[PDB]
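Asker: Okay, handing you the structure first.
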Amino acid sequence: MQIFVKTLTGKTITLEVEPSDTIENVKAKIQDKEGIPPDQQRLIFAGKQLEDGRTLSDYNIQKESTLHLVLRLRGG
Amino acid sequence: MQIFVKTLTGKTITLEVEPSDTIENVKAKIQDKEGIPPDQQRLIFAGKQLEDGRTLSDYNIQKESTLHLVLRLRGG
Amino acid sequence: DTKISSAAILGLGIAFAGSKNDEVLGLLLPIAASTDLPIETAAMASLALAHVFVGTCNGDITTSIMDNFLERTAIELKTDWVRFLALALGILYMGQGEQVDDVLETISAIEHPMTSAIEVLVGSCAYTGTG
């Protein structure tokens, strides 16, 4: 499955994953592509954070899906 | 314990929770009332934002407490 | 070389000027709603957002713009910006109905940083809201 990942700027990335792929796995493919560490990532879709462990099948994330990549951050 | 949940939009929901109720549990009760997914629920109190896990007895949230709930961006 | 950004946000603002599409608030929101973002584009972006949707409005916009206000920690550096945050968040409203009243209540719901200065500015000037 060919999915797209739009950055919080414009640049996009095409990851060749599948429906039985786990989010964590996807983040891994992103780290190998760019260089950002998982712990420093946050996939959002339809205005909602995608928890880890789950798969692209749970969110019904089909092909040509533009995932909104963001960088989470602690607070207080 | 009867508590009130004031949403930024404009509404006040009343729930019957207990001091031994976990924030996550509260968010669930709300989802059943309206339909706003848990993840998309930012509860705030006299202190600050309540994290998912602790209980209403940790933040010293007594009865008749108005929790400022904010929607974290739309969510399909 | 921090400057190309100003050229971007500028064009965009003039791009979807009169159209009210979906890709606008789609990416603009996060830029100033996601989770703590460089006051460099955060503020600017926000401005443009209101600039276009200066007329109409909605809750999602507020609920969001608010989420950021909280993720705004003076961890970056010392600089004046209350001029923008106030402006936008200001014109953002114009109707009536203890609307702005609730907003201020939120700012209080959390801690109490320098923002307090704003609590007075707005808290002071506003439509009748006594008993």
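Neighbour counts are summed over all protein chains in view; Cβ atoms, including those assigned to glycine, are modelled from backbone coordinates with ideal geometry. None of the figures in this text is laboratory data; all of them are computed from the coordinates on show.
Asker: Give the stretch A:51-76 a look and list any residue that's charged (D, E, K, R) and within 14 Å of chain B (Cβ to nearest Cβ), or say none.
Answerer: A:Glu51, A:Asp52, A:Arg54, A:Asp58, A:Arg72, A:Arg74 - these are the residues of the stretch A:51-76 that are charged (D, E, K, R) and within 14 Å of chain B (Cβ to nearest Cβ).
Asker: Does the stretch C:37-54 contain any residue that is more than 12 Å from every other protein chain (Cβ to nearest Cβ) and farther than 19 Å from C:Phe84 by Cα?
Answerer: No, there is no match, as no residue in the stretch C:37-54 is more than 12 Å from every other protein chain (Cβ to nearest Cβ) and farther than 19 Å from C:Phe84 by Cα.
Asker: Condition (residue is more than 14 Å from every other protein chain (Cβ to nearest Cβ), without any contact (Cβ under 8 Å) to a residue 40 or more places away in the chain and of a type in the set (A, V, I, L, M, F, W, C)) applied to the stretch A:36-50: is it met by at least one residue?
Answerer: Scanning the stretch A:36-50 turns up at least one residue that is more than 14 Å from every other protein chain (Cβ to nearest Cβ), without any contact (Cβ under 8 Å) to a residue 40 or more places away in the chain and of a type in the set (A, V, I, L, M, F, W, C).
Asker: If B:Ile61 passes every condition in (1) in a loop (DSSP other than H, G, I, E, B); (2) surrounded by fewer than 17 Cβ atoms within 10 Å (Cβ to Cβ) but one, which one does it miss?
Answerer: If we test B:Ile61 against (1) in a loop (DSSP other than H, G, I, E, B); (2) surrounded by fewer than 17 Cβ atoms within 10 Å (Cβ to Cβ), just (2) comes out false.
Asker: Only residues that are among the β-branched types (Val, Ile, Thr) and either closer than 16 Å to A:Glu18 by Cα or surrounded by fewer than 13 Cβ atoms within 10 Å (Cβ to Cβ) (or both): list them for the stretch A:32-58, please.
Answerer: A:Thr55
Asker: Can I ask one more? Go through the residues of the stretch C:3-17 one by one and say whether even a single one is in contact (Cβ under 8 Å) with a residue 24 or more places away in the chain, of a type outside the set (S, T, N, Q), surrounded by fewer than 17 Cβ atoms within 10 Å (Cβ to Cβ) and more than 14 Å from every other protein chain (Cβ to nearest Cβ).
Answerer: Yes, there is a match, as at least one residue in the stretch C:3-17 is in contact (Cβ under 8 Å) with a residue 24 or more places away in the chain, of a type outside the set (S, T, N, Q), surrounded by fewer than 17 Cβ atoms within 10 Å (Cβ to Cβ) and more than 14 Å from every other protein chain (Cβ to nearest Cβ).
Asker: Got a sec? Which of C:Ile65, C:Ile61 is in contact with a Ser or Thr (Cβ under 7 Å, 6 or more places away or on another chain), in a helix (DSSP H, G or I) and either charged (D, E, K, R) or on the phi < 0 side of the Ramachandran plot (or both)?
Answerer: C:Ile65
Asker: Right, something else. Could you run through the stretch B:1-26 and say how many residues are more than 14 Å from every other protein chain (Cβ to nearest Cβ) and either buried (at least 16 other Cβ atoms within 10 Å of the Cβ) or farther than 11 Å from B:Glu64 by Cα (or both)?
Answerer: 13
Asker: If we scan the stretch C:87-101, do we find a residue that is assigned to a loop (DSSP other than H, G, I, E, B), of a type in the set (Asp, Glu) and closer than 28 Å to B:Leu50 by Cα?
Answerer: yes
Asker: Taking the stretch C:68-95 only, how many residues are of a type outside the set (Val, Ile, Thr), loosely packed, with under 15 Cβ neighbours inside 10 Å and within 13 Å of another protein chain (Cβ to nearest Cβ)?
Answerer: The number of residues fulfilling the criteria is 3.
Asker: With the condition kept exactly as written, say whether any residue in the stretch A:21-31 is small (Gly, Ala, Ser) and assigned to a loop (DSSP other than H, G, I, E, B).
Answerer: Looking through the stretch A:21-31, none of the residues is small (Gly, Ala, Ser) and assigned to a loop (DSSP other than H, G, I, E, B).
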